[PDB]
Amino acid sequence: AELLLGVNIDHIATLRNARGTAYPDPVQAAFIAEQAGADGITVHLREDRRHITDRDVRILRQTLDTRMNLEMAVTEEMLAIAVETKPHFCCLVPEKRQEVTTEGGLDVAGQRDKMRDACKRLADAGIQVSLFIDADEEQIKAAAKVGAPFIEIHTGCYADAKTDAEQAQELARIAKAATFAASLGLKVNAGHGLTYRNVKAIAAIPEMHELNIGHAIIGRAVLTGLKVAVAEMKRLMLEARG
């Protein structure tokens, strides 16, 4: 079915806000990204608004040719915004303070009801919720229980791994969780932390539906231009899988 690439243009709006001008404009950056291999555009709407802003969302929604993935914290402000914005996808992540795990995924197991409500509100809005969790059976059982169609497996630990032993351990943990998660009817995304040397093994995990990558692509864009960085990432995934 082929895995999709979702580019995360958060850190493009970081450059923009460092002098608070207009450029580089995340609206322009998504256009480039979409024409270079991306199958969707992810943006995180923090309440800090330090980087991506409501204008970015309001306009990105009107100009994407793909599909938006709205990263948000499950908060009444954001749940509200999610609903008028009607993004196709909507990924729930912890925020600053008590809603997170030591590894750093949304604590679903420990907020079971908060999430059940959130997932229902949003499904009722037409948006497919993804739950951003670590690869723990506990959190995955919780994810499935709460009714979210999707999970996004936090590959932070995999990228940060120092020795090859540790890298291989964390790889297998992800693959086993991706199988188990699918066994409970969940679809599986991954990607936070993925670099151009990480990406291939994760893309070969066949349960994987879509890899959402940001910081590594934007980092390379500054060197090579954003078009070549999206295309390099996408072509690496097609290689890893056919």
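The numbering used is simple: start at 1 and walk along the sequence shown.
With 218 to 226 and 18 to 26 compared on mean CA B-factor from the PDB entry, the stretch scoring higher is 18 to 26. The stretch with the higher mean CA B factor, choosing between 193 to 201 and 61 to 69, is 61 to 69.
Remark: of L92, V83, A159, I140, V83 shows the highest value [criterion: C-alpha B-factor in the PDB entry]. Looking at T155, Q111, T75, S130, the one whose CA carries the top B-factor in the deposited record is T75.
Sorting the modelled residues of the chain by their CA temperature factor places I151 in the lowest third.
Per the deposited record, the Cα B-factor of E34 falls in the middle third when ranked against the other modelled residues of its chain.
Sort the chain's modelled residues by C-alpha temperature factor and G126 lands in the highest third, per the entry. Looking at the C-alpha B-factors along this chain, the one for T53 belongs to the highest third. In the deposited entry, the Cα temperature factor of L211 sits in the bottom third of values across the chain's modelled residues.
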